[PDB]
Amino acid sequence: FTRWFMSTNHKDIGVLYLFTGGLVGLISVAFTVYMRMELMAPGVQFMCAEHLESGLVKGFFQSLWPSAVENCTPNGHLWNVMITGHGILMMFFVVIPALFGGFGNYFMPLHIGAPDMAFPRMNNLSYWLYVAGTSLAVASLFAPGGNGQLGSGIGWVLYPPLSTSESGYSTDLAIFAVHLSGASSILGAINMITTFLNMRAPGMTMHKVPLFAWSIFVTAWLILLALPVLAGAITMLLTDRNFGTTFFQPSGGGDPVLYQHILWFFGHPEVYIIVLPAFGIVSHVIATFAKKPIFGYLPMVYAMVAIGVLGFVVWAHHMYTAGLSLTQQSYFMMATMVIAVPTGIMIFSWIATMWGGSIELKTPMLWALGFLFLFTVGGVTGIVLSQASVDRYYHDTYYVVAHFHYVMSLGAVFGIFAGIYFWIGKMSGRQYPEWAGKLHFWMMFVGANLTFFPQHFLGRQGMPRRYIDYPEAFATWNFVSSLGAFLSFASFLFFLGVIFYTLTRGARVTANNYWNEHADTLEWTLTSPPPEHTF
């Protein structure tokens, strides 16, 4: 019934975030399949202007079947709309809601022995703002937009003057969507911080809080500084568009580059907001399946704090080719490099935790180990890109696309799958079938690497970001990348099958702790699922 949606219990809200995150994730992944269909071969075959003359539904179905080039007038606006849609959904309405809204809301109170969040009614409202934001984001795709068509073709970061001059009101709906998301995140961070500080169990000292709870706490602070800044940036876009301001318009004495500083001031912290909870989950999973306590607990907490702090003083590595002086470029380059150090501490600590353990290669552990490998691959290309001299070549190419898909889609997402398999028994009372989880893992591992590794080659060869079509020479690695995406998509549909199976007819969970003694935090002390009212 609609008694799930009106619930104020952190567990129910956690579950709502997870499911909704998953559904929006499916929609955004479906966009990438369409994107990789068009990128699979040079020449435009799918995104034809001719499909506009049909209806919405008829036009949709026609666009899924390839046309000959001679019958296909390239529609760049549709490409730019899908890309912007893919990016907005992921960065605002998918991964953070799942990790922070989902696992954060469900498990952080359990890990600290809190009965519920400080402000349960505020927690429920944070969910509905997320849903309202999502709805506006989706609606913007069907609203009058740029070039006399539907949707905003402006990139997930909304650079002016392009975002300010895009016609129709699709862009305004997108800006409202982002406001709602920021509001949802801010309320969530308020709750996480208050709960964490005030509602710990007697005896639960700061140095006794589990790492996941710490990851969520640090994350919550980043949100409080980052998200208000973003609300400023985007309100300024909204006023330039509607209320005669000219913050970013040179005719009125504005500067488009100012928007970039403000936006990236949110924009870097944003990626550390995505990844910190995944760092939390990896810590719990690895310790459990290595049957060994987490190595260097205190350096981990501090490395997370250090990463959180440094994430606020590096933003202009997104602006090396935007007109930054040599002094700014040198600074931001050196400040960005420092981040490798605490991150290295965490990678090596995770390896040290495994070292001398008794390793059980169950599904959650496979995601966690994939995370270590793939996050390292993404992280070191991040270090390449920090070198302004080399970023001169790589900026706005597919090399950057490869970096961020390794840290996010093969990093944060592996964190999400790690947590789902780790915790689904605890949350539902039902267990996933082990052979299916491993199959899911290997399909995703192979598919995701096939998708993104070849994008390094495309970037090195000079393929720009945000292109509907590309010179013939880029054909080989685009084709491979697209086959990788189709395989990854297959693994995701299989995953959804695994979840559906697990929840409807999965083996009954009977134990409080169905893993082992080294899953040693409070949730494993409770029933599966935990009682409606805990602690």
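Each residue number is its position in the shown sequence, starting from 1.
Engineer: When the Cα temperature factors in the entry are averaged, is it 145-153 or 397-405 that ends up higher?
Structural biologist: Mean C-alpha B-factor is greater for 145-153.
Engineer: Determine, for stretches 31-39 and 63-71, which one has the higher mean CA B-factor as deposited.
Structural biologist: Looking at the record's C-alpha B-factors, the answer is 63-71.
Engineer: According to the deposited entry, which of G76, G378, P454, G344 has the largest Cα B-factor?
Structural biologist: Max CA B-factor in the entry, restricted to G76, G378, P454, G344: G344.
Engineer: Which of these has the highest Cα B-factor in the record: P115, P97, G437, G462?
Structural biologist: So the option with the highest C-alpha B-factor is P115.
Engineer: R200's Cα B-factor: lowest, middle or highest third of the chain?
Structural biologist: It falls in the top third of the chain.
Engineer: Grab the CA temperature factor for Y331 from the record and place it in the lowest, middle or highest third of its chain.
Structural biologist: CA B-factor rank for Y331: highest third.
Engineer: Place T504 in the lowest, middle or highest third of its chain's C-alpha B-factors, as listed in the PDB entry.
Structural biologist: As the PDB entry reports it, the C-alpha B-factor of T504 lands in the middle third of its chain.
Engineer: Taking the values exactly as deposited, rank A490 by C-alpha B-factor within its chain and report the matching third: lowest, middle or highest.
Structural biologist: Lowest third - that is where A490 ends up once the chain's C-alpha B-factors are sorted.
Engineer: Among all modelled residues of this chain, ranked by Cα B factor, put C48 in the bottom, middle or top third, i.e. lowest, middle or highest.
Structural biologist: As the PDB entry reports it, the C-alpha B-factor of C48 lands in the middle third of its chain.
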